[PDB]
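Asks: Here you go, one structure.
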Amino acid sequence: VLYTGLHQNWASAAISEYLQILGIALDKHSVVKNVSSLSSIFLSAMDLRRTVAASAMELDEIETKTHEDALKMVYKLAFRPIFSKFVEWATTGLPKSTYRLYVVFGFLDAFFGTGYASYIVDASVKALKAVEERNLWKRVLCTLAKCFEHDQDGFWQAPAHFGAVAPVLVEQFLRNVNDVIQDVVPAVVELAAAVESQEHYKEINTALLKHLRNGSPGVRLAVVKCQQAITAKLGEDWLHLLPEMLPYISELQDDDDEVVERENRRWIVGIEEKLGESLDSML
């Protein structure tokens, strides 16, 4: 009986505690027509706060709370019908006024976790694009990998979905926190595993070659990983590269430092299965 009244009172009050209260009431509700309206108002105002003002700990906390609130409402009040509207708000959040990559992307990841793939595509694209909301980017890149395992060929790594994703990913390398790139390089592997036969090979292998040069072992582990799913994924070409790869491994051998060891070992075993004769290069 009170809820509409309580909300308006809190809005007038709108101290960050009031924002918390509003979100708290929205989730704790029996409400719906008002909850929907209230949710909208909360989003608008939070956006104003970020744009003008954007305390940091509190705001991040409120934003994190908002994401959960958004998740709560979306489930209760289906995703496909809401999605159009959801996209518009997120787009508004962009640098004119962050909620975006971190919390929003995380939410999208959750919804992600084939019918949905067409609808999802633009949003996934936004996540990749927002490099800096690095965390946001990492989450999306990670999602692509998860999509690989679930969808497979359906994922359209070989198919339709891949073409947009690969160029977004490629561009990411081209233009951006350094930490994103390693995740990017492994994703290529997952993409490859799914697609099998589709032709990014020249660009990717070359990219891997340059990367093969350093950036901590973080990059190395990632590069080895990308070669490995590429090798399995195809069960197709790559022979030319084997001599570069083993020599990549050779340099690693002299280096004396670990996580890459596991990955390098995994690749060598993979090479043996595909290539066979690669022993000669090893010896």
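Numbering starts fresh at 1 for the residues of each chain in the structure tokens, the chains themselves are lettered A, B, ... in the order given, and ligands are numbered from 1 as they appear.
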Counting only C-alpha atoms, what are the residues of region 19-50 of chain A within 12 Å of region 84-89 of chain A, and for each of them which pair of atoms is the nearest and at what distance in Å, to one decimal? Sort the table by chain and rising number, as CSV.

Replies:
residue,atom,partner,partner_atom,distance
A:39,CA,A:89,CA,11.7
A:40,CA,A:89,CA,9.3
A:41,CA,A:89,CA,11.6
A:42,CA,A:89,CA,11.7
A:43,CA,A:89,CA,8.2
A:44,CA,A:89,CA,8.6
A:46,CA,A:89,CA,11.6
A:47,CA,A:89,CA,9.5

Asks: Please provide as a PyMOL selection string all residues within 12 Å of residue 226 (chain A), with the sequence filter that same-chain residues fewer than 3 positions apart are discarded (counting only C-alpha atoms).

Replies: chain A and resi 145+181-193+201+204-209+211-212+219-223+229-233+245+263-264+266-267

Asks: Could those residues be written to a file, using C-alpha atoms, as a CSV table (one decimal), in the first residue's frame?

Replies:
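Now in selection-v7.csv:
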chain,number,residue,atom,x,y,z
A,145,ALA,CA,35.1,-18.4,-26.0
A,181,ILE,CA,45.4,-9.0,-26.0
A,182,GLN,CA,46.4,-12.3,-24.4
A,183,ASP,CA,42.8,-13.1,-23.8
A,184,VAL,CA,42.2,-12.2,-27.4
A,185,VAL,CA,44.9,-14.6,-28.7
A,186,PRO,CA,43.5,-17.5,-26.9
A,187,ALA,CA,40.0,-16.8,-28.1
A,188,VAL,CA,41.3,-17.2,-31.6
A,189,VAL,CA,42.0,-20.7,-30.6
A,190,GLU,CA,38.6,-21.4,-29.4
A,191,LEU,CA,37.1,-19.8,-32.5
A,192,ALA,CA,39.3,-21.9,-34.6
A,193,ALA,CA,38.3,-25.1,-32.9
A,201,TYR,CA,44.6,-18.1,-41.0
A,204,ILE,CA,46.0,-14.8,-37.3
A,205,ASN,CA,49.1,-16.9,-37.7
A,206,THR,CA,51.1,-13.9,-38.7
A,207,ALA,CA,49.8,-12.0,-35.7
A,208,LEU,CA,50.7,-14.9,-33.5
A,209,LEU,CA,54.2,-14.7,-35.0
A,211,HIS,CA,53.3,-11.9,-30.5
A,212,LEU,CA,55.5,-14.9,-30.3
A,219,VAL,CA,51.3,-13.6,-23.9
A,220,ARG,CA,53.3,-16.8,-24.4
A,221,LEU,CA,50.8,-19.0,-22.7
A,222,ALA,CA,48.1,-17.4,-24.9
A,223,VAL,CA,50.1,-17.8,-28.1
A,229,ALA,CA,43.3,-25.0,-30.8
A,230,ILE,CA,44.2,-23.9,-34.2
A,231,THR,CA,46.0,-27.2,-34.7
A,232,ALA,CA,43.2,-29.3,-33.3
A,233,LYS,CA,40.5,-27.2,-34.8
A,245,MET,CA,56.5,-22.7,-33.5
A,263,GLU,CA,51.0,-25.0,-22.7
A,264,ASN,CA,54.1,-25.6,-24.7
A,266,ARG,CA,50.4,-29.5,-24.8
A,267,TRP,CA,51.2,-28.0,-28.2

Asks: For the structure I just gave you, how does DSSP split region 73-174 of chain A - specifically, which residues are helix (DSSP H, G or I)? Reply as a short mmCIF file (atom, residue, chain, number, x, y, z; two decimals) with N, CA and C atoms, in the first residue's frame.

Replies:
data_model
loop_
_atom_site.label_atom_id
_atom_site.label_comp_id
_atom_site.auth_asym_id
_atom_site.auth_seq_id
_atom_site.Cartn_x
_atom_site.Cartn_y
_atom_site.Cartn_z
N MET A 73 14.78 -7.42 -11.71
CA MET A 73 13.55 -7.04 -12.36
C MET A 73 13.32 -7.80 -13.63
N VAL A 74 14.38 -7.97 -14.45
CA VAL A 74 14.26 -8.57 -15.75
C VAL A 74 13.75 -9.97 -15.65
N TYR A 75 14.16 -10.72 -14.61
CA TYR A 75 13.70 -12.08 -14.45
C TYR A 75 12.26 -12.18 -14.02
N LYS A 76 11.84 -11.28 -13.11
CA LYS A 76 10.55 -11.25 -12.47
C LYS A 76 9.38 -10.79 -13.31
N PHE A 79 13.35 -12.18 -22.02
CA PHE A 79 14.51 -11.36 -22.23
C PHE A 79 14.46 -10.77 -23.59
N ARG A 80 14.02 -11.55 -24.59
CA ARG A 80 13.99 -11.07 -25.94
C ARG A 80 13.08 -9.88 -26.05
N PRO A 81 11.88 -9.88 -25.52
CA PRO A 81 11.13 -8.66 -25.61
C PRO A 81 11.66 -7.41 -25.00
N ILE A 82 12.38 -7.50 -23.87
CA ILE A 82 12.96 -6.38 -23.19
C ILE A 82 14.19 -5.84 -23.87
N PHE A 83 14.92 -6.72 -24.58
CA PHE A 83 16.24 -6.47 -25.07
C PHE A 83 16.35 -5.20 -25.86
N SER A 84 15.36 -4.87 -26.70
CA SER A 84 15.47 -3.67 -27.49
C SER A 84 15.65 -2.49 -26.59
N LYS A 85 14.79 -2.35 -25.56
CA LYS A 85 14.84 -1.23 -24.67
C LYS A 85 16.12 -1.24 -23.89
N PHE A 86 16.60 -2.42 -23.47
CA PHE A 86 17.79 -2.49 -22.68
C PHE A 86 18.95 -1.93 -23.43
N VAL A 87 19.05 -2.25 -24.73
CA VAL A 87 20.16 -1.80 -25.52
C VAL A 87 20.19 -0.31 -25.56
N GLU A 88 19.02 0.35 -25.66
CA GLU A 88 19.00 1.77 -25.81
C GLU A 88 19.54 2.45 -24.58
N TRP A 89 19.23 1.95 -23.37
CA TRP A 89 19.72 2.64 -22.21
C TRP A 89 21.21 2.55 -22.15
N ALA A 90 21.77 1.36 -22.43
CA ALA A 90 23.19 1.15 -22.32
C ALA A 90 23.91 2.07 -23.26
N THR A 91 23.36 2.27 -24.47
CA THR A 91 23.99 3.08 -25.47
C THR A 91 24.05 4.50 -25.00
N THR A 92 23.05 4.93 -24.21
CA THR A 92 22.98 6.27 -23.72
C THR A 92 24.07 6.56 -22.72
N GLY A 93 24.52 5.52 -21.99
CA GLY A 93 25.49 5.56 -20.92
C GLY A 93 26.87 5.95 -21.39
N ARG A 100 28.62 0.70 -17.82
CA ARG A 100 28.68 -0.05 -19.05
C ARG A 100 29.43 -1.32 -19.07
N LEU A 101 30.74 -1.18 -19.17
CA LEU A 101 31.39 -2.40 -19.48
C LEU A 101 31.40 -3.25 -18.28
N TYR A 102 31.57 -2.63 -17.11
CA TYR A 102 31.73 -3.59 -16.09
C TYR A 102 30.49 -4.34 -15.74
N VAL A 103 29.48 -3.61 -15.23
CA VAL A 103 28.33 -4.30 -14.70
C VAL A 103 27.42 -4.78 -15.78
N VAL A 104 27.21 -3.95 -16.82
CA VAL A 104 26.29 -4.26 -17.88
C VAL A 104 26.78 -5.46 -18.63
N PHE A 105 28.08 -5.46 -18.97
CA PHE A 105 28.67 -6.54 -19.71
C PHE A 105 28.58 -7.80 -18.93
N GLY A 106 28.81 -7.71 -17.62
CA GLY A 106 28.78 -8.90 -16.82
C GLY A 106 27.41 -9.48 -16.90
N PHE A 107 26.38 -8.62 -16.91
CA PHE A 107 25.01 -9.05 -16.97
C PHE A 107 24.76 -9.76 -18.26
N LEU A 108 25.29 -9.21 -19.36
CA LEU A 108 25.06 -9.80 -20.65
C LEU A 108 25.70 -11.16 -20.68
N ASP A 109 26.87 -11.30 -20.05
CA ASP A 109 27.58 -12.54 -20.02
C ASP A 109 26.68 -13.56 -19.39
N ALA A 110 25.99 -13.17 -18.30
CA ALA A 110 25.15 -14.09 -17.59
C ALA A 110 24.03 -14.55 -18.48
N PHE A 111 23.42 -13.63 -19.25
CA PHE A 111 22.32 -14.04 -20.07
C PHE A 111 22.82 -14.96 -21.13
N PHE A 112 24.05 -14.70 -21.61
CA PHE A 112 24.68 -15.52 -22.61
C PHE A 112 24.80 -16.92 -22.11
N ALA A 117 21.50 -16.10 -30.23
CA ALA A 117 22.70 -15.56 -30.82
C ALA A 117 22.44 -14.40 -31.74
N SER A 118 21.34 -14.42 -32.52
CA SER A 118 21.10 -13.33 -33.43
C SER A 118 20.84 -12.07 -32.67
N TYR A 119 20.04 -12.16 -31.59
CA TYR A 119 19.62 -11.03 -30.79
C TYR A 119 20.77 -10.44 -30.04
N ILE A 120 21.65 -11.30 -29.51
CA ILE A 120 22.79 -10.98 -28.69
C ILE A 120 23.86 -10.23 -29.43
N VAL A 121 24.01 -10.48 -30.74
CA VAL A 121 25.17 -10.07 -31.49
C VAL A 121 25.54 -8.62 -31.28
N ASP A 122 24.59 -7.67 -31.39
CA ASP A 122 25.00 -6.30 -31.30
C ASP A 122 25.61 -6.02 -29.95
N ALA A 123 25.00 -6.55 -28.87
CA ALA A 123 25.44 -6.30 -27.52
C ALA A 123 26.80 -6.86 -27.30
N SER A 124 27.08 -8.05 -27.86
CA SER A 124 28.37 -8.64 -27.69
C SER A 124 29.36 -7.73 -28.35
N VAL A 125 28.96 -7.13 -29.49
CA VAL A 125 29.81 -6.27 -30.25
C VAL A 125 30.19 -5.08 -29.43
N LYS A 126 29.22 -4.51 -28.68
CA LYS A 126 29.49 -3.34 -27.89
C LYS A 126 30.51 -3.67 -26.85
N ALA A 127 30.41 -4.87 -26.27
CA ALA A 127 31.30 -5.25 -25.21
C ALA A 127 32.72 -5.28 -25.70
N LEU A 128 32.95 -5.81 -26.92
CA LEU A 128 34.27 -5.93 -27.48
C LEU A 128 34.83 -4.57 -27.77
N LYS A 129 33.97 -3.66 -28.23
CA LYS A 129 34.32 -2.33 -28.63
C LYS A 129 34.75 -1.48 -27.47
N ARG A 134 38.22 -1.94 -19.46
CA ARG A 134 38.97 -3.10 -19.85
C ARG A 134 38.24 -4.32 -19.39
N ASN A 135 37.73 -4.26 -18.15
CA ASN A 135 37.13 -5.41 -17.53
C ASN A 135 35.97 -5.83 -18.36
N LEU A 136 35.26 -4.84 -18.91
CA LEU A 136 34.10 -5.05 -19.71
C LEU A 136 34.51 -5.83 -20.94
N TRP A 137 35.62 -5.42 -21.57
CA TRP A 137 36.13 -6.05 -22.76
C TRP A 137 36.55 -7.46 -22.45
N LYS A 138 37.21 -7.67 -21.30
CA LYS A 138 37.69 -8.99 -21.00
C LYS A 138 36.53 -9.93 -20.92
N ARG A 139 35.44 -9.48 -20.28
CA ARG A 139 34.29 -10.31 -20.07
C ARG A 139 33.68 -10.70 -21.38
N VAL A 140 33.59 -9.76 -22.33
CA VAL A 140 33.02 -10.09 -23.61
C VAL A 140 33.91 -11.03 -24.35
N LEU A 141 35.24 -10.81 -24.31
CA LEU A 141 36.11 -11.67 -25.06
C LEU A 141 35.95 -13.05 -24.52
N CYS A 142 35.83 -13.15 -23.18
CA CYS A 142 35.69 -14.43 -22.56
C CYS A 142 34.39 -15.04 -23.01
N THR A 143 33.34 -14.22 -23.23
CA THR A 143 32.08 -14.79 -23.61
C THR A 143 32.18 -15.45 -24.94
N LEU A 144 32.97 -14.87 -25.87
CA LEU A 144 33.04 -15.42 -27.20
C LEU A 144 33.54 -16.82 -27.12
N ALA A 145 34.50 -17.06 -26.21
CA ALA A 145 35.08 -18.36 -26.03
C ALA A 145 34.04 -19.32 -25.58
N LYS A 146 33.18 -18.90 -24.64
CA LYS A 146 32.18 -19.76 -24.09
C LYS A 146 31.19 -20.10 -25.16
N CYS A 147 30.91 -19.13 -26.05
CA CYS A 147 29.99 -19.32 -27.14
C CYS A 147 30.54 -20.34 -28.09
N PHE A 148 31.88 -20.40 -28.21
CA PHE A 148 32.53 -21.35 -29.07
C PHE A 148 32.23 -22.75 -28.64
N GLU A 149 32.37 -23.03 -27.33
CA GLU A 149 32.18 -24.36 -26.84
C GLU A 149 30.74 -24.75 -26.94
N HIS A 150 29.81 -23.81 -26.67
CA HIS A 150 28.44 -24.22 -26.74
C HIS A 150 27.94 -24.39 -28.14
N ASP A 151 28.16 -23.37 -29.00
CA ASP A 151 27.68 -23.36 -30.37
C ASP A 151 28.46 -24.25 -31.30
N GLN A 152 29.81 -24.23 -31.22
CA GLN A 152 30.58 -25.01 -32.16
C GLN A 152 30.45 -24.39 -33.52
N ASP A 153 30.25 -25.25 -34.54
CA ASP A 153 30.15 -24.85 -35.92
C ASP A 153 28.95 -23.95 -36.02
N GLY A 154 27.95 -24.20 -35.16
CA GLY A 154 26.75 -23.42 -35.15
C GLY A 154 27.10 -22.02 -34.78
N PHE A 155 28.19 -21.85 -34.00
CA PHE A 155 28.68 -20.61 -33.45
C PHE A 155 29.00 -19.74 -34.56
N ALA A 160 28.40 -17.66 -39.70
CA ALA A 160 27.98 -16.30 -39.83
C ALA A 160 28.47 -15.37 -38.75
N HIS A 161 28.47 -15.80 -37.48
CA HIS A 161 28.79 -14.97 -36.35
C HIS A 161 30.24 -14.57 -36.31
N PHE A 162 31.14 -15.46 -36.76
CA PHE A 162 32.56 -15.27 -36.69
C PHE A 162 33.04 -14.06 -37.41
N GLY A 163 32.52 -13.81 -38.62
CA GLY A 163 33.07 -12.76 -39.43
C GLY A 163 33.01 -11.45 -38.71
N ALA A 164 31.92 -11.12 -38.02
CA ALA A 164 31.93 -9.85 -37.35
C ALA A 164 32.89 -9.87 -36.19
N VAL A 165 32.88 -10.97 -35.42
CA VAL A 165 33.65 -11.06 -34.21
C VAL A 165 35.11 -11.00 -34.51
N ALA A 166 35.57 -11.72 -35.55
CA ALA A 166 36.98 -11.75 -35.80
C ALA A 166 37.50 -10.38 -36.12
N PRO A 167 36.87 -9.61 -36.98
CA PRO A 167 37.35 -8.28 -37.16
C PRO A 167 37.29 -7.37 -35.97
N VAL A 168 36.33 -7.55 -35.04
CA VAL A 168 36.31 -6.70 -33.89
C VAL A 168 37.54 -7.00 -33.09
N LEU A 169 37.84 -8.30 -32.95
CA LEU A 169 38.93 -8.83 -32.20
C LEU A 169 40.23 -8.37 -32.81
N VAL A 170 40.32 -8.43 -34.16
CA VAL A 170 41.51 -8.08 -34.87
C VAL A 170 41.79 -6.63 -34.64
N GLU A 171 40.73 -5.80 -34.67
CA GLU A 171 40.83 -4.38 -34.52
C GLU A 171 41.34 -4.08 -33.15
N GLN A 172 40.93 -4.89 -32.17
CA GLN A 172 41.30 -4.68 -30.80
C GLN A 172 42.79 -4.71 -30.73
N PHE A 173 43.41 -5.68 -31.43
CA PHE A 173 44.84 -5.81 -31.42
C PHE A 173 45.45 -4.63 -32.09
N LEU A 174 44.83 -4.18 -33.18
CA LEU A 174 45.33 -3.12 -34.01
C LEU A 174 45.38 -1.81 -33.28
#

Asks: Please report as a Markdown table every residue of region 69-137 of chain A lying within 12 Å of region 54-58 of chain A, along with the nearest atom pair and their distance in Å (one decimal), using only C-alpha atoms.

Replies:
| residue | atom | partner | partner_atom | distance |
| --- | --- | --- | --- | --- |
| A:95 | CA | A:54 | CA | 11.1 |
| A:96 | CA | A:54 | CA | 11.7 |
| A:97 | CA | A:54 | CA | 8.4 |
| A:98 | CA | A:54 | CA | 8.3 |
| A:99 | CA | A:54 | CA | 11.2 |

Asks: Can you tell me, as a PDB file with C-alpha atoms, in the first residue's frame, what residues are no more than 12 Å from residue 250 (chain A) when counting only C-alpha atoms, ignoring any on the same chain fewer than 3 positions away?

Replies:
ATOM      1  CA  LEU A 212      55.530 -14.938 -30.295  1.00  0.00           C
ATOM      2  CA  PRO A 243      59.108 -24.878 -37.702  1.00  0.00           C
ATOM      3  CA  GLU A 244      58.486 -21.418 -36.341  1.00  0.00           C
ATOM      4  CA  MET A 245      56.462 -22.741 -33.481  1.00  0.00           C
ATOM      5  CA  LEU A 246      58.997 -25.235 -32.302  1.00  0.00           C
ATOM      6  CA  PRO A 247      61.659 -22.662 -32.453  1.00  0.00           C
ATOM      7  CA  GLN A 253      63.303 -23.503 -23.170  1.00  0.00           C
ATOM      8  CA  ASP A 254      66.305 -21.309 -22.414  1.00  0.00           C
ATOM      9  CA  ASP A 255      64.157 -18.775 -20.463  1.00  0.00           C
ATOM     10  CA  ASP A 256      63.614 -20.688 -17.176  1.00  0.00           C
ATOM     11  CA  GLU A 261      55.648 -25.026 -19.952  1.00  0.00           C
ATOM     12  CA  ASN A 264      54.131 -25.606 -24.680  1.00  0.00           C
ATOM     13  CA  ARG A 265      54.007 -29.267 -23.814  1.00  0.00           C
ATOM     14  CA  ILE A 268      54.083 -30.344 -28.834  1.00  0.00           C
ATOM     15  CA  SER A 281      62.705 -30.524 -35.908  1.00  0.00           C
ATOM     16  CA  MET A 282      62.632 -31.257 -32.200  1.00  0.00           C
ATOM     17  CA  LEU A 283      65.854 -33.226 -32.358  1.00  0.00           C
TER      18      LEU A 283
END

Asks: Name all residues at most 9 Å from residue 19 (chain A) (count only C-alpha atoms; drop same-chain ones fewer than 4 positions away) and give them as a ChimeraX atom specification.

Replies: /A:10-11,14-15,23-24,42,46,62
